[PDB]
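Trainee: Need a 3D model of the following:
(chains A, B, C, D, E and F, ligands or ions: 14)
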6 protein chains.
Amino acid sequence: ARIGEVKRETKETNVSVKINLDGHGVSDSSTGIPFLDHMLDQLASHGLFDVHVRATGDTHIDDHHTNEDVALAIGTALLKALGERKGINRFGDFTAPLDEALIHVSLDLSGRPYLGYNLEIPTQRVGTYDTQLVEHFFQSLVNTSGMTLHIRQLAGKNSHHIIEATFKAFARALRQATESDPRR
Amino acid sequence: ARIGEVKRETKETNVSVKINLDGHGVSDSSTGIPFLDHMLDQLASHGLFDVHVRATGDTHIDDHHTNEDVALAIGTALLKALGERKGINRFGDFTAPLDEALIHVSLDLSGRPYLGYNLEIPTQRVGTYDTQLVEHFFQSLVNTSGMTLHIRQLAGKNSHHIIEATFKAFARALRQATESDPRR
Amino acid sequence: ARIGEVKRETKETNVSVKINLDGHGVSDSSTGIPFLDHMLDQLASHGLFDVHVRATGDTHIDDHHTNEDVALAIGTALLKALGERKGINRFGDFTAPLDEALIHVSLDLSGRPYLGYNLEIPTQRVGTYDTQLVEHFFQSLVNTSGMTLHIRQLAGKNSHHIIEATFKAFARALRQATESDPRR
Amino acid sequence: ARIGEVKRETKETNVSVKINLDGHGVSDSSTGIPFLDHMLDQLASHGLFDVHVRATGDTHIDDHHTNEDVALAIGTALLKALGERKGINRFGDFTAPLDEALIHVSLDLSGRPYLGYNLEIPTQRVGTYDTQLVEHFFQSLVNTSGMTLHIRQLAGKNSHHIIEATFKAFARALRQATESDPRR
Amino acid sequence: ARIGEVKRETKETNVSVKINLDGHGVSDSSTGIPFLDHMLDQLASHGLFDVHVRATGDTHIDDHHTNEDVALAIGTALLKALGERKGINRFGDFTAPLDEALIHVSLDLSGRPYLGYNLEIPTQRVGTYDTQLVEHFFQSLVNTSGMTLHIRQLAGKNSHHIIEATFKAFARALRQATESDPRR
Amino acid sequence: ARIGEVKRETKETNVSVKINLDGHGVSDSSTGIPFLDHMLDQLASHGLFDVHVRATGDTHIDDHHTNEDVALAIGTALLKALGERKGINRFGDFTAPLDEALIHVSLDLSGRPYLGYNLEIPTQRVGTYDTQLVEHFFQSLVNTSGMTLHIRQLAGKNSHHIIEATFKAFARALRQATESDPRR
Ligand SMILES: [Cl-]
Ligand SMILES: [Cl-]
Ligand SMILES: [Mn+2]
Ligand SMILES: [Mn+2]
Ligand SMILES: [Mn+2]
Ligand SMILES: [Mn+2]
Ligand SMILES: [Mn+2]
Ligand SMILES: [Mn+2]
Ligand SMILES: [Mn+2]
Ligand SMILES: [Mn+2]
Ligand SMILES: [Mn+2]
Ligand SMILES: [Mn+2]
Ligand SMILES: [Mn+2]
Ligand SMILES: [Mn+2]
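Mentor: Numbering: from 1, shown residues only, chains lettered A, B, ... in the order given. Ligands and ions are numbered 1, 2, ... in the order given. Find the structure here:
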């Protein structure tokens, strides 16, 4: 099994991540941001990744630093887990709904960071989670993983549905990309 | 094999449906609506479903009641055939052409009915079939199956091509969703 | 292995093509048009086709006749390699990025030629290659192969990225379409 | 005399075509689509082709499959009749009226299929014939004959006049293209 | 030779017309309207018709009645000359320039009168000739000959050029239509 | 046979032209501009002219002077070959396609130079040939031949197709104009 682990401490946050690319969907995420924990559970269940995350940090300032540092660490953990990338599909492409929401994700484990993102989340807070932080989560993850990632909102009105459908589609695309190509 | 069967009688229609999710594309549909029979044949052949349908009803009023009651029964038959949904992909996503027509279908066997539909069929009758009835077929099927279904017209000009490409894409997406996930 | 071979001589060009549908990505293309050679290498590597091409011709007039005659011959070679089409997926659908570029390709090995193409390539020359020739390459290939092909630009700014992403997506869609359907 | 004959059977249609390029306008067409029979009579009379067509098929679904399969077979019959194309004009260009309708047709027996078509037929049914099927007739004929064909509506309001003028102009252009060039 | 002759007297005009369809371009027209005489000379020379016209009438009121009655008589003379129409092309199509002017004429000797006319003559008088009378000349000729006639201005700025190019194109189209079809 | 020959030397260019109006399509053109050579070959083959051209000149400055001086000399050669114009059609009118391109040419060998030209060539270079030079070629040819020439782009997207279709249509119109009128 391909397992990547990262521990990172700043003056703002303390983060530990462990991801198994060849998992069974074991979800074990506690970031101090409940909505992000919910999305990381989606990542595990829809991607069949095992996801272990612990974070503490300066959430009294806002969720930003924690969200960013968790994302950065996940990207690095993914990079480590991938190793030499031998024999993998490398590309993933999936479009997933959640009720009225429909989100397309296309990615390439390319070594060149890029985020294309056009979500229009119509409310500012989902629970206590600042919806600007969704883009920053994916941007930071891309930057440390060296992923080419396109996220396209095809439909959606409920903010929780839009974000959750994004994580479902991303997880399924990433599962595809990380799985073995039977002809390689 | 996962087989669902439904018999339903109203004062307007008499309907019998049997669907095998694990079929070989056996097509055996006679609804009293020839264009709908043609589309149900597409469902079987493109989905590798075995599809048996018989309907009679008040087509002298219009095809509406028959079309609706057939769709409702198909949705219920699908629901029955699925049973506990164990180990299935659950999600399907396919884009199929028919010449100049190009139709994207994304679905989730979620238990929550939703239809997203944006087809713009530029003629009122294909053969003797009222083209408004395409949307109603999918809406009714969604309602009894508890499916999340998005149908997106990406291209198309000929009405028969648009509708037929929709059924090809839907069938292929539904095949995917109903098939076993090798890691589940 | 399914191998198609075509030799074609005009007063303008001399072309030889050999394609293995069941290949390992062996790339061996020399057309007299370096950018086209680069794209044919992408076809091989991303499609797992073995691609052997030799062409000479009137490139001092412009690359047009060579580009066209190579494309025509590739389409015929594909047609020959496919034979009776027994047991194949027939349909392919893939969306691939290259950095900021994102290209969707959907195809059906239908026997009816059709090209849907909406690329907007913002420069006139990539290297010494006239970017109008990309459309003509796909049109000519479609015409002799009898393929239904839709190419959709979803994002992109760099001309080389747009064209190369197109070839990646086309190759992956064509691989899918030509591969065996495990239930057929 | 240059005679081409085609017999083609599908699960949808049974078609037989025989065309003499060097005819006297003998019209003998029975397709199961009366309006199409009327247009094929125009082809014979205005083109001085001898045209023999028989078709049966699934017209209870709609006229589409019959219309398409007849057109495909006519294109192949034309291709066969043309043989090596020695000494022919190859190009045809004619503009014909029918009362207020005025239709320009330009064609080249090039070996490269292309349809340019801009008819705007303002009603959905002429008799029982779906007017979308006019474009599909010419597209399918082009595809199997390998013809470059441009059809331009210059004037017209009555749907029957527009379609019939198209067939008159096409027939006269095709007569020209297929006739001997006295200097070749 | 096919010769038609008409004499017609009203309280406004006295008209005599003789036209030979199989002529040598003999021009012999004196209508009392010099510009119309010039156009009738063009008809003869460009059409290879022999044209004999004499008219007198109420030109002190305006040229209208003479222009109309001459046109009516020419249409009848053409009708008479045509006789049974056996073996003729029947259709004519020609586009002729005169310097910057370019005029397309398409006609069918159909037995159903129709004029399609879109000339935009930018001055009110050419010499002493009222330029509204050009349309009325063709309308009246169509009405008595039973001709389908389309006149299309493709280019032009000088009024004399526009009108004269119209007569050149009409004459050449009419020559074609009235000539023998070698296969009929 | 009607043969015109012109030799012309400037400080910029050396040009020799010989054209046979009553030719067999013998193509023998070497101008120092490969794309122009290709178009002159089209002139010969589509017009059944014999075309002999030799030019050298200052192509390191740009192709302009050579293109212009070749065109001027061709116009003069045509003028010389025509002689007294006895018995010729004088007018030509043809519309030719090349795939998606469709070009109408109408001309009159009038003795009055005029070019009407509306081509919109969407790229700046076809091969190494500056596409502005197409208009200048026809303008210069018109000026020395004393031709009335209208060139109308009816359709087209590929620059090579647009230009080549223009030369096909021009050649066929010029063949018509230069041929004998059987009634003159
Ligand atoms: Cl899309
Ligand atoms: Cl036009
Ligand atoms: Mn930040
Ligand atoms: Mn949720
Ligand atoms: Mn209803
Ligand atoms: Mn069908
Ligand atoms: Mn080409
Ligand atoms: Mn590259
Ligand atoms: Mn069709
Ligand atoms: Mn009719
Ligand atoms: Mn009046
Ligand atoms: Mn004049
Ligand atoms: Mn100049
Ligand atoms: Mn060429």
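
Trainee: what separates stretch A:68-87 from the chain centre, distance-wise?
Mentor: 11 Å (C-alpha atoms, centre = their mean, to the nearest Å).

Trainee: Just say helix, strand or coil for residue A:43.
Mentor: Following DSSP: H, G, I helix; E, B strand; the rest coil, the label given to residue A:43 is helix.

Trainee: and it, how many neighbours does it have?
Mentor: 22 (other C-beta atoms under 10 Å in any protein chain shown). (C-beta placed from N, C-alpha, C; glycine too.)

Trainee: which residues in chain A form strands?
Mentor: In chain A, strands defined by DSSP state E lie at A:3-9, A:13-20, A:27-30, A:50-57, A:91-98, A:101-108, A:114-117, A:125-126, A:129-130, A:148-155, listed in chain order.

Trainee: touching chain B at all, stretch A:45-62?
Mentor: Yes - applying C-beta under 8 Å from any C-beta of the partner chain, one finds stretch A:45-62 touching chain B at residue A:48.

Trainee: now the end-to-end length of that stretch.
Mentor: 28 Å (C-alpha to C-alpha, to the nearest Å).

Trainee: Check which residues of stretch A:111-125 are buried.
Mentor: By neighbour count, with 16 or more other C-beta atoms under 10 Å in any protein chain shown as the criterion, the buried positions of stretch A:111-125 are A:113-116, A:119, A:121.

Trainee: which residues touch it?
Mentor: Taking contacts as C-beta atoms under 8 Å, 6 or more residues apart in numbering or on different chains, the residues outside stretch A:111-125 that touch it are A:103, A:130-132, A:134-135, A:138-139, A:142-143, A:145-153, A:157, A:159, A:162-163, A:166, C:97, C:99-100, C:102, C:155.

Trainee: Would you show me how to pick out the buried ones of those residues in ChimeraX?
Mentor: One line in ChimeraX is enough to select the buried ones among those; burial here means 16+ other C-beta under 10 Å:
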select /A:103,130,131,134,138,139,142,143,145,146,147,148,149,150,151,152,153,159,162,163,166 /C:97,99,100,102,155
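
Trainee: tell me the domain boundaries of chain A?
Mentor: Partitioning chain A according to curated CATH domains yields domains covering residues A:1-89, A:90-184.

Trainee: coming back round to it: any chance of CSV for the buried residues of stretch A:111-125, columns distance to residue D:4?
Mentor: Formatted as CSV, those follow (distance: C-beta to C-beta, whole Å):
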residue, distance to residue D:4
A:113, 60
A:114, 55
A:115, 58
A:116, 53
A:119, 58
A:121, 62
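
Trainee: Kindly indicate which of those residues lies nearest chain F.
Mentor: Proximity of the buried residues of stretch A:111-125 to chain F (C-beta to the nearest C-beta) peaks at residue A:116, which lies at 28.4 Å.

Trainee: For the nearest residue to residue A:63 once chain neighbours are set aside, grab the count of nearby residues.
Mentor: Closest residue to residue A:63 apart from its sequence neighbours, by C-beta to C-beta, 6 or more residues apart in numbering or on different chains: residue A:33 at 5.0 Å. The number of residues packed near residue A:33 is 24, by other C-beta under 10 Å.

Trainee: give the contact list for residue A:33.
Mentor: Contacts of residue A:33 (C-beta under 8 Å, 6+ apart): A:55, A:59, A:63, A:66-67, A:70, A:129.

Trainee: What of residue A:132?
Mentor: residue A:124.

Trainee: Now with 10 Å, please.
Mentor: Residue A:132 is in contact with A:62-64, A:67, A:121, A:124, counting by C-beta atoms under 10 Å, 6 or more residues apart in numbering or on different chains.
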